[PDB]
Amino acid sequence: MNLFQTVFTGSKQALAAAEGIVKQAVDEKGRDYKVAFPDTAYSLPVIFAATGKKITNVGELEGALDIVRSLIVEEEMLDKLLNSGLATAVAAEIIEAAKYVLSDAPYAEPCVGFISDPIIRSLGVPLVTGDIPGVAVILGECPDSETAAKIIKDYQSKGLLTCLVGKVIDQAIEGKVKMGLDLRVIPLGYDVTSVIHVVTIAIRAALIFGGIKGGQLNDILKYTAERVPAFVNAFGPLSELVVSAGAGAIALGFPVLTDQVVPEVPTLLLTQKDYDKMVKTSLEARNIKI
Amino acid sequence: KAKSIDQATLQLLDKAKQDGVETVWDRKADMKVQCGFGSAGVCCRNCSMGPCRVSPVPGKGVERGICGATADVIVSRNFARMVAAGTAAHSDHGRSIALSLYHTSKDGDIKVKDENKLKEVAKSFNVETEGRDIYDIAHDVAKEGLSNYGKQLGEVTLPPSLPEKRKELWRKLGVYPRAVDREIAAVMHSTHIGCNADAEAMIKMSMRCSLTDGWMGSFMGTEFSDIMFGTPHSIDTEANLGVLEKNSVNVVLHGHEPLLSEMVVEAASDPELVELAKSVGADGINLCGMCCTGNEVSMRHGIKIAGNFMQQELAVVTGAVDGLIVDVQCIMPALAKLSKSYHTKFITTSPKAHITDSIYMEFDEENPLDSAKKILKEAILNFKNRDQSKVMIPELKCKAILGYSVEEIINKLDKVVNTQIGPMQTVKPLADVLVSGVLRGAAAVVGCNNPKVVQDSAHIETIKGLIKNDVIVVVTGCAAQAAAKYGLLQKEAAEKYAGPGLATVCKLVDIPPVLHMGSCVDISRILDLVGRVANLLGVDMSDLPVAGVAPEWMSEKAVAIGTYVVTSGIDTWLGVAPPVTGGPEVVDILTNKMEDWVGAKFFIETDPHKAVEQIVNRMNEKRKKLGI
Ligand code: SF4
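Residues numbered from 1 in each chain as written, not as in the entry; some residues may be left out. Chains lettered and ligands numbered in written order. Part of a larger assembly, values for the part shown. Heavy atoms only, no water.

As recorded in the PDB header, cryo-EM is the method behind this entry, and the stated resolution is 3.29 Å.

The name the PDB entry gives chain B is Carbon monoxide dehydrogenase/acetyl-CoA synthase beta subunit, with Clostridium autoethanogenum DSM 10061 as the organism. Per the header of the deposited record, the title is "Structure of carbon monoxide dehydrogenase/acetyl-CoA synthase (CODH/ACS) from Clostridium autoethanogenum (composite structure, semi-extended state)".

Per the PDB entry, chain A is named CO-methylating acetyl-CoA synthase, and its organism is Clostridium autoethanogenum DSM 10061.

Visitor: Teacher, can you tell me more about the sheet that holds strand β6 (residues 269-271) of chain A here?
Guide: The strands that make up a sheet pair up through hydrogen bonds in the backbone, lying either parallel or antiparallel. All names here are of chain A. With parallel pairing, the six strands of this open sheet are ordered in space as β3-β2-β1-β4-β5-β6. On the outer flanks of this sheet lie β3 (185-189) and β6, each paired with one strand and no other. Between one strand and the next, the sheet's axes are offset by a mean angle of 20°, whatever the strand orientation. Sheet contacts for helix α7 (residues 145-157): β1 (135-140), β2 (161-165), β3 and β4 (230-235); angle to β1, the most-contacted strand, approximately 170°. (Pairing = 2+ DSSP bridges. Helix = DSSP H or I, 4+ residues; strand = E, 2+ residues; numbered from the N terminus. Axes fitted to C-alpha atoms, helices over the stretch in contact; angles between N-to-C directions. Contact = heavy atoms within 4.5 Å.)

Visitor: Explain the environment of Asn620 of chain B here, please?
Guide: Residue and element names in this part refer to chain B. Inspection of the secondary structure assignment puts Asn620 in helix α25 (residues 608-626). Separated by 75 residues in the primary sequence, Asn620 and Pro545 place their C-alpha atoms 7.2 Å from one another. One polar contact links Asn620 to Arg440, side chain to side chain, over a distance of 3.1 Å. (Polar contact = N/O pair within 3.5 Å; in protein donor to acceptor, adjacent residues only side chain to side chain.)

Visitor: Teacher, can you tell me more about the site of the ligand here?
Guide: With respect to spatial proximity, the complete set of residues near the ligand consists of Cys44, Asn46, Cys47, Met49, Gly50, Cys52, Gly65, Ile66, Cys67, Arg77 and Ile193 of chain B. Of the residues assigned to the shell around the ligand, the class counts are seven nonpolar, three polar and one charged. (Near = heavy atom within 4 Å. Nonpolar A, V, L, I, M, F, W, Y, C, P; charged D, E, K, R; others polar.)

Visitor: What exactly am I supposed to notice about the layout of surface pockets here?
Guide: The rolling of a water-molecule-sized probe over the atoms marks out the regions of remaining empty space. When its volume is computed, the largest pocket comes out at roughly 1,400 Å³. Lining the largest pocket are 42 residues; nearest its centre among them are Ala225, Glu226, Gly253, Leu268 and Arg286 of chain A. Mapped onto the lining of the largest pocket, the elements with two or more residues apiece are α5 (78-102), α6 (117-129), α10 (217-227), α11 (240-251) and α12 (278-285) of chain A together with α21 (500-509) of chain B. Here the lining of the largest pocket takes eight residues from α10 of chain A, the largest share from any one element. For the lining of the largest pocket, a count of residues per class yields 25 nonpolar, nine polar and eight charged. (1 Å grid on protein atoms, 1.4 Å probe; cavity = no way out; pocket = protein on both sides within 12 Å on 5 of 7 lines; lining within 4 Å. Points joined across faces, edges and corners; volume = space filled by probe spheres on them.)

Visitor: Help me understand the interface of chain A and chain B in this model?
Guide: One widely used convention gives an interface's size as the accessible area the parts lose upon coming together. Facing the 20 residues of chain A at the interface are 23 residues of chain B. Both faces combined, the contact of chain A with chain B buries some 1,800 Å², and carbon together with sulfur accounts for 60% of it. Three residues stand out in chain A for area buried against chain B, namely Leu78, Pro266 and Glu284 of chain A, and they jointly supply 30% of the buried area on that side. Our count for the contact surface shared by chain A and chain B stands at two salt bridges. (Buried area = accessible area lost by both parts, 1.4 Å probe. Salt bridge = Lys/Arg side-chain N within 4 Å of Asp/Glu carboxyl O.)

Visitor: Where do I start with the domain arrangement of chain A in this structure?
Guide: Residues and elements named next belong to chain A. When cut into domains, chain A gives domain 1 (3-102) and domain 2 (117-286). For domain 1 versus domain 2, the separation of C-alpha centres amounts to 21 Å. Residue-level contacts link 33 residues of domain 1 with 32 residues of domain 2. At the boundary of domain 1 with domain 2, total buried surface from both sides reaches about 2,400 Å², with 74% on carbon and sulfur atoms. The interface formed by domain 1 and domain 2 contains 10 residue pairs in polar contact. Considering every element that reaches the side of domain 1 that touches domain 2, the biggest residue donor is α5, with 13 residues. Partitioning the side of domain 1 that touches domain 2 into residue classes produces 18 nonpolar, 11 polar and four charged. (Domains from an automatic or database assignment.)

Visitor: Whenever I open this one, the pairing of strand β10 (residues 398-402) of chain B confuses me. Can you help?
Guide: When a strand is regular, its side chains alternate between the sheet's two faces. Residue and element names in this part refer to chain B. Extensive coverage of β10 is indicated by the burial of four of its five residues. Here strand β3 (residues 235-239) pairs with β10 via five bridges, running antiparallel. Along β10, the bridge assignment pairs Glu238 with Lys399. (Buried < 20%, exposed > 50% of the residue type's maximum accessible area, 1.4 Å probe, protein only.)

Visitor: Looking at this structure, I do not really get the sheet that holds strand β16 (residues 602-604) of chain B. What am I missing?
Guide: All names here are of chain B. Here we have six strands laid out as an open sheet, ordered β13-β12-β11-β14-β15-β16, and parallel in their pairing. Single-partner strands in this sheet number two, and they are β13 (514-518) and β16. Put simply, the sheet's adjacent strands are angled 25° from each other on average, direction ignored. Across four bridges, strand β14 (residues 546-550) lies against strand β15 (residues 571-574) in parallel orientation. What sits directly across from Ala550, in β15, is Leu574. Each of β11 (441-445), β12 (471-476) and β13 touches helix α19 (residues 477-486); the most contacted strand, β12, lies at about 115° to it.

Here you go:
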């Protein structure tokens, strides 16, 4: 299975999970039931950026699966791969929205789940200033808790805002990593779809700071690529869904670095086994100056 | 039918009609319906019992020549002789280059300009370098290269980029190369009356001969030219007939051998010659190149390219060419007649290529610079005979970027290498983009023009289709010059013609979507590149999604090139049918059975859009075989 086929398989799995969870939400709560994220002004940010539509009820959430379906075209060209990554991102957002409408408190501490607009505005000032020179999106599991803690604290000591997805949260807790918004170590959630909660940070950064109106998807992608200094460090074995989510990160212009053997793409998808050089490799790949 | 897609070509054809001079198009029209027997390859003249012609349609008419040779035998022998002639042309070019290398000296006209390249080549030839004088090394390297041409005992020396698997496959098949002249002689011997009358064996002998061109003759010529005249790097130039200057002396270098054109370029900066050009009433000296010698001087110095093969006559039709200096190969003899209608001095310089009624000034290899200065002085003095009322230079020229040797490509690829990962100075970024599928493949577009095809149409259509399908294109020779004239050799072309993956790659690496890798002998560079990629991936060259295209080929050299490209394991599309349709067995060998032998085969397709589609499908199926 080559890179394109891996991304397409991951996007289809994300679509299947989104369809299942949306069906569950439709069964339990009804199509008139409200759909929203806590304290946001852009409804579902990824769908709002891609199309301009605001998802307000469960029926509209079910109708948002058509966006995911139309974004998956299985032809081995780079544009289709980027669109398939975006389909995975939209599907992950739909899954997170369904989680919020199904459970009153989908995320428990230390996971924070969705990040509200006021937090985005608070982080915007140090973002453009340079006190936050980048965003380290750490996903998966490191071979040890010690190495995960070392990498996370290396990013933290450099001022980067690091977000954690997956078992790396538990490894960092075992590694005595101090977490919080002021400490710049944000645990999003144990599921892969929780990575969307940092993706919407970039998307809304284009909506708030950039002033790009909803539906101008190419302008949003250009803004995230040229303004948001985010990158992905994917540790541990990578499923097709993880690779598809990484394709979404690449579609947003965010390079993906991993310790796994993957079909490398220069400046976009890079393998770095040496955990002692992963921080420097990511800073170089994202062109970050400390 | 239109004669060309190039507007400057069309304007000069109108001028040639107004001036009452004949062109290659006019002679093609005069030839009318060409002989069917010769077109199918079923005519034989190998002995004076003939001429013999057998039916191109099996089961009808005369079946055998007088000696009993079948249509397949006649076709296979004719094809083999074309391969032998092409191999001879390329090998003679490389032999001259090696002899020039052998005569290099510190204080002479010919020096060593790339010592690192010479040391790497010496490593490839098992020549010691440590603690040695550079010219002693150069002479030893030249001796080894010369031995490759005529050794009768032992094995020849092949470049390290050639995969071990490909060499083992050649040895098992029986096509492993011997000395170049020995293989040419073997082909000529086996086509003699009453020798080889088996099509498969004949084709295998021709493949064996073509390998000595691709991997020994052209390769050594290219690498020694780099050693003596400098490795090409990315450089700007201008292309098409508009580069001629009305108010300057115009000196057009046509042919293939680079030593003469290098010495002419050096002589053009001589203060006495510049002063002489001023004194004859010209603003200066304007050197322009055509065909492969133009490609060489343009790759290494940015000399403007006046035009490719079927434009050579039109260069004279402008009435502005004060001197036309030619060495060997692809020099239309009609130029001698044509220059009578203008003031142009048509100067032959090589004992290998005498042309009747041209001015012969033998280029002296013993004193190359002085000889080049004398020839250039004749061209400059001819400026006084210019008739400015007969001058018409089209205002049509195009910016081009070239100089993409393998070394230059590797240097460009270093830009997209993460320093914390590495390694540097490899083809690894290219291998990565090919394996990931961001690039679907790489295609080489090579070859001449041919009056049978609208000039430059097939080259341009094939190149645009390939780059639109995210296939990166490397170009050589007259195809490269067609791309230069059209405007494809530009960074902007990436966003104008390329597909998404290739556009992203071009933006990241800062290269045009079409890479000009030099002259016809520089096709060896392409081989080198492919080999490196294969050696990096641990596979044979036949496992890669690569292809070669000759949309508008005419020469025997093109036949030899396609043969050795297929024998190396690279599928080749021919835009002009070779004279083999009369032999069904030969057609079946070249287009079907060759894949069993060397993993690649010929594709005959005269429609460029269909050729692009077939190339994409073949690359995709090879990718699926490879798992990428
Ligand atoms: S070699 Fe045979 S087929 Fe050819 S001309 Fe002589 S007799 Fe005829």
